[PDB]
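Encoded as structure tokens, the following chain is the form deposited in one PDB entry, with no partner shown.
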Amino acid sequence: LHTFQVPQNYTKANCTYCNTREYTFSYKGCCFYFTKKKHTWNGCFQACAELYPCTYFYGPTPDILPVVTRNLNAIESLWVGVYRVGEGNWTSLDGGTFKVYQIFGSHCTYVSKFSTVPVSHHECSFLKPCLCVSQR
């Protein structure tokens, strides 16, 4: 009569898509979008799963991060899809081990224009745009 819980699970998409008219930027075979509507870090999974088809919350590897930051603005921050699973450090929906500054947080990760690594924030309820990806 009050609250309902929805255990949602998220994975990387198996299909191929790229909106050539509305993408934020593109690198290799992946088209990256910045959500125009700000969201929380947890909501970014659903927000990216529904911006465009075959799109999900992406975590930037050291080689993609400079491009993401170059497509960013001075005062703009961006939630990134790097999450913790205990040991084995931080990872993404694409797998791999990420270098994450985890001193002042352990849950949500974001990047700015001048961020050199993904940085974990102490509060995940902040409203920042999401970084979504779709392979071409």
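Note that residue numbering follows the sequence shown and begins at 1.
Keep in mind that the form solved in complex with a partner chain is not shown, yet the notes after this line are about it.
Residue heavy atoms within 4.5 Å of its partner chain in the deposited bound form occur in exactly one stretch of 80-88, 53-61, 22-30, 40-48, and that stretch is 22-30. Within this chain, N73 lines the site of its partner chain in the deposited bound form, having a heavy atom no more than 4.5 Å away. In the deposited bound form, its partner chain sits within 4.5 Å of a heavy atom belonging to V67.
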